[PDB]
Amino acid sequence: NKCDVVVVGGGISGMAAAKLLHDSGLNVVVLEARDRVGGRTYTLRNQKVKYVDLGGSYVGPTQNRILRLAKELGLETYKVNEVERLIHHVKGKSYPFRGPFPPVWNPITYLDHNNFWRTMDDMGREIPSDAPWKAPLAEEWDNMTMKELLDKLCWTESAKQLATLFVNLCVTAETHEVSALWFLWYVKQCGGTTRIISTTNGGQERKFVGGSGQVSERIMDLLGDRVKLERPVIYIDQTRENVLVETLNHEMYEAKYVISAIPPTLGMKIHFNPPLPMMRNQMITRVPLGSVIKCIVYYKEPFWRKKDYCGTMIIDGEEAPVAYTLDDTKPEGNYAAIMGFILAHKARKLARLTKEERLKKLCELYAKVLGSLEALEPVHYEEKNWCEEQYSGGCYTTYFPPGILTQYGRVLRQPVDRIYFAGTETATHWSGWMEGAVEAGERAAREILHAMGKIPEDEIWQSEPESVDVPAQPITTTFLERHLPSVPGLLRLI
């Protein structure tokens, strides 16, 4: 019933917010729609897999908030396997390599690839993390799709295809679905192209021992009966002295403030009194989430390692259901597995099949790419299609179609009277990730602490000390990477 703050949503962001407020001495209640916490993180446990992350899983250097929160909760990380060679599968053929980037051998193609990645980061440097709509060319870039940008930038089909895969993999959406400004912001605020795409020294470096779901679970343990499961919020009334929050199961909660810790568009599931301001009213209809199926195929042994393959596959082409895989074997070396993502339109297309049909397609693909008949003998399979989730809307995160970020972006975390906004979408560093969830939840919590006069304004946004366990190596470039001309640059020189 009555409390200081109601947090709507028990994902990592809502839980991080609730924990901070609880630790500060406030009475908090978390209202969670599902029969579980964790939201876009979910760790399944059974005998066949021990545990498996079916949602958010990967963490790495520069994600210091999620690492600090998890450590405090008693969790540990381990390193995703990248000892052996990676594979780039191009036009029906596998090409093993080392380092974060699949090599290019044709000279013109090399220049084009080099320029593409470089230009992505160049453009990102002009985009403020906390205000992408303030980029000098914000409107120009927001009014183009990533498809249009790639069409302009890539003078080779090779570069265009790999860039397309990159977009699909990053934001689980098609290049023609997303704003160029938004996508460039997204990459920049994860620390740039190298940082986001890398396993070693990047966002995919590590996983939590026992699963990422433990973060939300362990905070629920700390908060006790303050977390209310199967309480979907349906109504928020701010017309009176205290805010009134009503749930589907006919309960009423009364609070001084509310944190909305749900995906922006899922604010549509709540009826507001008074109505939301115009800009937020329309914003929450303009911000869909991506489409992905996360699939994990289990094997007797990590057989790929014997062939000097680490399990990472970058797989070109329409026919391939999965464009990207990582080794998902346990740190102990058992429960051997390959994790793959079915991305964007392919998640839509292949959802029509049965679980068994998808397994067969994945195994046959992996057999081809790994050049191993062993891939045809799975021992177990788990998958999760996030497109079906009423209380997520998709995964990994919210994307912005052309024109939306500039027109509506400033609304995202603007308070509405006594409602403050958390959720990974509102983060300024690793938005879209578990790291962003923690940043946004803790910032939203501190906005309320400031509103209550408990902390000064300059304490709302707080820096995070670097993890001692997961140190970040700086991202470097070579002289030639910096100064080699683009394809049109070479042509102008000629």
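Residue indices: 1-based, along the sequence shown.
Judged by mean Cα B factor in the deposited record, 446-454 ranks above the other of 446-454 and 422-430.
Mean CA temperature factor is higher for 111-119 when stretches 293-301 and 111-119 are set side by side in the entry. Remark: of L370, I234, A255, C190, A255 shows the highest value [criterion: C-alpha B-factor in the PDB entry]. The PDB entry assigns its highest CA temperature factor, among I314, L162, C310, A351, to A351. Compared with the other modelled residues of the chain, the Cα B-factor recorded for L244 ranks in the highest third. Looking at the C-alpha B-factors along this chain, the one for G394 belongs to the lowest third. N81: CA B factor lies in the middle third for its chain, per the PDB record.
Annotation for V227: CA B-factor lies in the highest third of the chain's modelled residues. In the deposited entry, the Cα temperature factor of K269 places it in the middle third of its chain's modelled residues.
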